[PDB]
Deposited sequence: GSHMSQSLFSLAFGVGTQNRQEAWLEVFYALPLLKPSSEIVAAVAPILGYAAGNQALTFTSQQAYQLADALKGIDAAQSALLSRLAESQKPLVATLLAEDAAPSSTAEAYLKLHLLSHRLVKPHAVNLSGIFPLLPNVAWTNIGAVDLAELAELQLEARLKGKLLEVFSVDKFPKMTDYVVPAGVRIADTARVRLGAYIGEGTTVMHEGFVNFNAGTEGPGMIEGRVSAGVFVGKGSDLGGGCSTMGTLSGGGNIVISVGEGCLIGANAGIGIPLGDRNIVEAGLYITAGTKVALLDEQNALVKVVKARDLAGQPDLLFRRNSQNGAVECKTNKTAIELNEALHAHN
């Protein structure tokens, strides 16, 4: 049939031939049947979701087969043929729970290349498929081999720098999508979706299966599964709750420095610097005269546009200011 995706990767394996990591230069969403046909026989692809290793020699064949069908992929395989490191071609018939490390990595590539958006792809059971790895200046290094390599570097007056020890590498070591800034790339995980015109500042962080439509200024934390709409700004040190109700931020929102949200934010919401709006926070909802409409749980204001959340600096009450009348607010609360 029509495949969901395919990509030709170069990766790394440990001493026991386990896959630590795979890099895909040119992943494809819904590749053309012409490409799949030409490639399927050579790789030994029958059906379903497969991570198929292949050889330098098979690389040259595949390069030739795709000459004249897709120039881009052919030139990639031609480079892949000179590779010292092992090769995998992962071909996915369906968008399903991943079954291999190679597939898990491809699906995170699809997100970070912006082929698919957060929540558009199945990442169920990915965690056991992503091995904990030492991310170093020489690449991924298995934790069982690391101490030895660290010693040998020191003997030569050198340093094996270990900049991360984790199941997810940092995105920019695999892709930097167009029209994006990321001040400290240590803080954006492979699998993050950084929309065009987004700038993630130093205090900003974006988990996998999360990100920004773009444009936007991210200076706080976007947790797994959180997606931030168009033109929204997250101030320095702000928090977006993780972990059911998914957290999102709408369009044109402003989340203040050091503040936080545990509810989904509707469009053009503002949260005061320093304010943490928890799902069960009891909020004094105010109409456009700043008169109490009623006290509600923050959870119940989820998705409503044009709210300003603030903590009253004289009586300590968390207040939600609107430009709507009481009868309007009550209507919104019940539909």
Regions left out of the model, expressed as runs of the deposited sequence counted from 1:
1-5, 249-253, 346-347
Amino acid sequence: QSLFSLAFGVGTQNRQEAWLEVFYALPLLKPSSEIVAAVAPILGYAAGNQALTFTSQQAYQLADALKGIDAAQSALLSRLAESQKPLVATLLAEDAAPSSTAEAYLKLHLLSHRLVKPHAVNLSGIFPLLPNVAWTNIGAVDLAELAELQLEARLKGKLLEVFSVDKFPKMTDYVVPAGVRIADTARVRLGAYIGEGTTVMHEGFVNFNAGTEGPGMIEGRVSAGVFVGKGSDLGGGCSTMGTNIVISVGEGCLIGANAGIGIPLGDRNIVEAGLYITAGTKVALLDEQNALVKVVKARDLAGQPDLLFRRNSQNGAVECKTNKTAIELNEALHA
From here on, numbers count along this sequence of modelled residues.
Other entries lacking residue 278, at least a third:
no
Residue 58 unmodelled in at least a third of other compared entries:
no
Looking only at CA atoms, which has the higher mean B factor in the entry: 149-157 or 217-225?
149-157
Stretch with the greater mean C-alpha B-factor as recorded in the entry, comparing 320-328 against 8-16
320-328
Out of 124, 74, 137, 199, which shows the largest CA B-factor listed in the entry?
74
Out of 277, 293, 270, 273, which shows the largest CA B-factor listed in the entry?
293
What third of the chain, by the recorded C-alpha B-factor, contains residue 128?
middle
Chain thirds by Cα B factor, record data; residue 248 belongs to the middle
Compare the C-alpha B factor of residue 101 with those of the other modelled residues in its chain, then answer lowest, middle or highest third.
middle
When the modelled residues of the chain are sorted by Cα temperature factor, does residue 118 land in the lowest, middle or highest third?
middle
Using the B-factor values recorded in the entry, state whether the Cα atom of residue 83 falls in the lowest, middle or highest third among the modelled residues of its chain.
highest
